[PDB]
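Below: the structure, in structure tokens.
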Protein chains: 2
Amino acid sequence: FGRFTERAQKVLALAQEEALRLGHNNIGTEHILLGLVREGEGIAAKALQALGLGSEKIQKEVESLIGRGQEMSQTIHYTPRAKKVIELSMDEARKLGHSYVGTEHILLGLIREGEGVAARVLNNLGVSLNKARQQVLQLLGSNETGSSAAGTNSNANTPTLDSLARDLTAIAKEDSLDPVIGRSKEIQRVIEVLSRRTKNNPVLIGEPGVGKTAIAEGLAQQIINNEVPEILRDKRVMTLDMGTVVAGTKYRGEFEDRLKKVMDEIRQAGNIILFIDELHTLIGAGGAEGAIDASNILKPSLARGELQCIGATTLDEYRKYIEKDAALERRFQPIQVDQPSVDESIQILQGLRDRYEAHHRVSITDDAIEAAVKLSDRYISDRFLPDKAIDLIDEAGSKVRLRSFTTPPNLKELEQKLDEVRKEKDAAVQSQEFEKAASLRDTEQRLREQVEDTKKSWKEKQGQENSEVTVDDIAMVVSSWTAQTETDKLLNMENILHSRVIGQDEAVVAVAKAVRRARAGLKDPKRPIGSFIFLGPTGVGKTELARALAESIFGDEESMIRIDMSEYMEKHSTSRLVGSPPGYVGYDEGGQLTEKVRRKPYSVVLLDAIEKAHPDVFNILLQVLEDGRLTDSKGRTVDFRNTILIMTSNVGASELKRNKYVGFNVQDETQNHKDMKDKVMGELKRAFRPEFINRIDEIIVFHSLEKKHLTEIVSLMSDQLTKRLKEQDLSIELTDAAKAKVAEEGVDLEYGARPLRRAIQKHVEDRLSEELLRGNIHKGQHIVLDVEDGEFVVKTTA
Amino acid sequence: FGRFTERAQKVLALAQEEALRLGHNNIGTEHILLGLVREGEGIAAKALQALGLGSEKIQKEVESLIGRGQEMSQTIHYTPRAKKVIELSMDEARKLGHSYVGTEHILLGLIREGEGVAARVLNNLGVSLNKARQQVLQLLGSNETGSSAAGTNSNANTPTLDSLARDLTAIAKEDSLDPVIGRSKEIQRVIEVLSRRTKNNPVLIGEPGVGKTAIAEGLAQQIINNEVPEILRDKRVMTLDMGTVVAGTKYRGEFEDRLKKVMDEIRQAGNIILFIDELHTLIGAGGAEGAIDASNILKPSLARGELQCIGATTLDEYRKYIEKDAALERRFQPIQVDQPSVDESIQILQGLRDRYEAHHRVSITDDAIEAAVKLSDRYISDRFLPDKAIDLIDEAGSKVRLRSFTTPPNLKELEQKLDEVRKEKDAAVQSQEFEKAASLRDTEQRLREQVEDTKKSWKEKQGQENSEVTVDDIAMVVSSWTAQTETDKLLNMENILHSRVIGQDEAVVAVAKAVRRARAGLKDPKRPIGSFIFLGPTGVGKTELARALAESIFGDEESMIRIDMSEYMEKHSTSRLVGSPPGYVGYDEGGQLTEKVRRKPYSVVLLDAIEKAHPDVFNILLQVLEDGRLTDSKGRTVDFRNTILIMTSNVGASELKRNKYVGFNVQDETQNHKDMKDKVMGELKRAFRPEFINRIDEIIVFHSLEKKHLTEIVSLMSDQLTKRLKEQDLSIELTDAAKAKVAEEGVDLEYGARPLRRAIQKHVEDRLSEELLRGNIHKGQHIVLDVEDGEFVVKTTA
């Protein structure tokens, strides 16, 4: 049961033998019984010889109940009873120690599943069924490692170590311990700081976020064996846990009483090491709130070395303890925690691939592992650098492991047939259709034997998916979050961003390429996907491209934040509402803006019209542009490494507002371009900061919307119109002639692709609706809005 | 309810046979007993044959208690005795499974309701009433499926699976489960993310609002059979429900203790799937407050995959757990939910329509299902895209079933007579009036038999309703909230808006058509029913139309919000001044505007004088106009597609206040009109945005009222006057001469139509009260306000 021990399987195959050997077509419980005793001296077999039930004695009974004569042994797979005995044994292996499933369990499970032919064999052969289930148990009903009695004791150590609580050493003396790949430098640094007699308390500060316990298992082992100072004379290691204390209680006072009590029993001092997990909760005080002020008791305890302890703390906690003092300042002392370096990360994963062989889709592929880490590091980007990886391995190590049984080569169809029959078949007999059920059954069951036969032919689709964990695989899971469903996005990025925005194609390919750079690596993993400013008169393609980025990269059209900076400039938005100064940065930092971007990680953040925002707004954005972090609410650091920052503006508005033509000029546009790329891009610097523009990755210039782009934007919008009416069954079209007429509203010198929505609204929505109401056009007929006189005419078509 | 099992009905008809056959005017309890035993082998029938209560034995007894000789069997319906036995058995079949009621329940129920002749027959034939009821019971074994007991494997599964809770698999192995229509793509996406050796936890994000459980029943079914990967062997599905834990528990500590214990038993790990409903509440992370931080225990539990889970949560929340870290970046992991596309919505509906033929109305029409959906989406609208519909289907799927009983040929009249008799009759017996009640009694009871006869002629009242649920039917019900009673609203919208606003009829016809377009389903389902700017001098018809729209569309005169934008000053915050300056965008977004529209979503929102606001307020309105949503207080998306948003303005005041008067012009009036539709529309641009106006749909220009618009509004006001005083029994009428003289105050450039109120008040209300007190006019007496000298002159009339 999961590659879980021979002894089970071994008793079982002898059943199949017995199946045909006396002639049983489904291998009954009588054959299972024989299987056990013919497996000779396994716990099942052995037991039966104890009960007095020899294989002979059993078989004599067996042949007299069924025995003869289904020697044809039709399919010979089990009887459902016999299938239960196996299902039972797995639980009987939980029941009688054995992770894996072997012989005791099968006889015990058999008794449990007493049933007909088995049951009658032993109760006829003068053996009580429970005397047998006993019998197997009392020979073996165990598997054991480490623990096993022999007697040892210590005295004063008793009251303390009893209480309360978990001991890492215990599980490591019984030893099921796995290292698990430390996180070494902490262990040394703890042991100087532990092996003191005043600040004999280590305090581990680090990413949590590595699994603190990896260091802990580190410590455990190293404090025992075998080079440790004489200060740490005859040490014992006990880990403390709040969780048992809080459970079974519901008032604070008892927890504190117990903490006082514990603090007393730790008096085995200079011979005891206490590990205090979740140290922060106990320390309390500080801030505007504590966390539980057990600290009062704990502080002298730490100083005394009775609670000579290791504190596992957090970012903030050290502040609220060295602030407390002086059995909390001359107690505590910090030391720096490790994690497995980005390449090392890859290796940790790899190490547990082979053990994901009960997950049977790892080990392999290397490239997938390497990828697991790397693709995640740059995009999603919602986690720290090592964790992401293994999860992908396993995810995809199931997505595709599913693709195994989704299609065989596509020989899933066999089973599909067996179904179609069954339906017909069954129901045919339920009406009957006696013999008219017959052939359906035969067609069904024809199918059935074939099905079970071809289900172990679908070991080929296992050899296909079931160790692979591919780059592609990994990529797919990263895409699940957000190779495979990332690189089509990468390779075609301009094309895909182009497919939603035609407004300044110049801009689209550039933006595309910047994302493709980050999203294909060689940029800081800390830094965002892209910082940008997109200039051009309002929504040239600008806003729309932010949308198109979301659409293309993430597979969701919108997963795109969007804030207008002109409302909290840090400049003029001091007193827009209020008569006194209170406001603008306080919203921006203090929670509002930052919380919103915190919700979607892979989010095109669009900060609108930053044109007359203060140089201060830019410093905040700058932290993203430099570090790729934002510092905000609840003391959280939000790692901007998956955001795509797009700030729009019309900062030197006038110069932007001179089209990128094409349909008017083709060379005044590239002279508006250079021109907007200086007066704009310098008003950009003048209202922002040059440092800002300097750590903005790219300053994209969009002019006024090309003369050119409009009927293509219109042909997406007018068609988006034609598509949203089709869902409830109305076919509308604006001809190319009518889509041309729609484009005319803005052709632009001072505006973007914004008036186009409105002109679709006027020329499509409004235009169809005044014709559907008047009965020119109807449901389930094609509505041609055409131009054939320089103005719209609503025509009807099939 | 309907569609019951035969066996009941079968025993009953044999009773009726005895009714006349032994001569009883009543199908009595004596006949029912005979009925049971003559129905032979029903459990009731069968039972009686055991105890010794053959048809013979019974009938011998029966004839000795009535038997003879009312062969004519007048009004052969049951005894009241028998009617009780039948009602009881029906519930005694609810009681002992058999929803559709049959024989067993009828004898069992008979004994329970053991009275009259029946009871005595068997207790005379040496069979106790319970000896018979026993007999039915011990031959009964009720009605059930999917269960019969024979035992299955367990061991470690015992403590865990008990606790806590629901087991989706169980009801699906009892095969009572209905799909329920997928909600399919989610289900695959969970198992990649599930069967997994790291990050084993799916987290379903999406619409709530789809019935999450539809996906869940999906999952259940596929996690059993059979393409799930061996990463998790055995595979058992356990649901964890917060609701069961909290019930009977009053303190937090106890709840946590139970969670701790459960989590420990969750040790069946790597084989067990845990369903965590409302996953966020437990995580207790993100924001300034959690929701209970069970997460501490839950996080390692999820990460180990011991409590690997499927989270049914919300869009944002999964993030606000990866925000907690680091067992949500190696535990939780998201996948995108499906709901039934608008057309698909219709199909889900249809699928359970035919079984709310249990309320016997629908059972179809298809077009009506479609109507439910389509009609709802644009008008009320108060709910998400599929939900509205079905409620309406069922609504009309009852509504109209009332209209049957009202219109047969109006054979309600039969019953109407039967009452009138009964009354007369009864009251006559209470005095006596013996034979003077008698003929009334006979007329009554005449009526009665006829009534019950024509009530089963009112199977035509079934044939009327029991599959009709038509377009119109649904529409009428959707209109009950808000085809049928929306299209008389649509067709005559202009007329209806005209009947309440006679103040700038030009404007009225335009608004009428725009609302009627949207309300005919001819606009995006992501946009309001109306966006507008109403330009015009003060309340020309502007305010009045907001009212008239409410009146025509919504079925109540006022279903109309009304907020003055001038309090949200923003850029006009020294250009008018206000008592309270600090808030303004915060005031609208943060609570005020948004809460009001949340109360009735179907509300004509009238934002007066919008020019007295910065362009920033307009962005929110633009977002309403575009998205059809507003994003506000308590993280709500309030779907604007209910509302008719109407924004008024006096923005280009000078042209607006240059009138448009029939009396002096009609060509300068339509050019004061034209003057206002351009110069106003450019003062509109400076106090708005072109972007604003571009997502606003139609800018309606009102002009100060003509000669002639006034005198019709006044004649409504004068009539509003005449109507509210008649209720209290006083008659006033203003002649046409007097309604004209009153109308003149609403003329200026500046005004529009509110001063009409003043002039009706002054010339009618105030004037009449100073004349009723005088003794000029009196009660009931019709008081004519006439003009006979260019001033009001009071004439008196009857």
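The numbers used for chain B are those of Swiss-Prot, and the residues that appear cover 3-484, 492-807, in sequence.
Header says: electron microscopy, 11.0 Å.
Backbone N, Cα and C atoms are what each Cβ position is placed from, and that goes for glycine too.
These come from Swiss-Prot:
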type	residues	note
BINDING	B:208-215, B:545-552	ATP binding site
DOMAIN	B:3-144	domain 'Clp R'
DOMAIN	B:417-452	domain 'UVR'
REGION	B:6-71	region 'Repeat 1'
REGION	B:80-144	region 'Repeat 2'
REGION	B:163-410	region 'I'
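Here the features listed in Swiss-Prot are painted onto the structure.
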| residue | record | Cβ contacts under 8 Å, 6 or more apart |
| --- | --- | --- |
| B:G208 | ATP binding site | B:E188, B:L317, B:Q338, B:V339, B:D340, B:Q341 |
| B:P210 | ATP binding site | B:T316 |
| B:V212 | ATP binding site | B:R185, B:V339, B:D340, B:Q341, B:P342 |
| B:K214 | ATP binding site | B:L206, B:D279, B:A314 |
| B:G545 | ATP binding site | B:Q513, B:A516, B:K551, B:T657, B:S658, B:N659, B:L665, B:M685, B:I709, B:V710, B:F711, B:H712, B:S713, B:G761 |
| B:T547 | ATP binding site | B:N659, B:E759, B:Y760, B:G761, B:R763 |
| B:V549 | ATP binding site | B:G512, B:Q513, B:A516, B:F711, B:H712, B:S713, B:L714, B:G761, B:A762 |
_Where B:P210 (ATP binding site) sits in the secondary structure, as DSSP reduces it to three classes_ = coil
_Just to be sure I understand, if DSSP states are collapsed into helix, strand and coil, how many residues of the domain 'Clp R' (B:3-144) fall in each?_
88 helix, 4 strand, 50 coil
*Taking DSSP three-state, what's B:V549 (ATP binding site) in: helix, strand or coil?*
coil
*Other CB atoms, at most 10 A from the CB of B:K551 (ATP binding site)*: 30
*Run through the domain 'UVR' (B:417-452) and tell me, per DSSP, how many residues are helix, strand and coil.*
33 helix, 0 strand, 3 coil
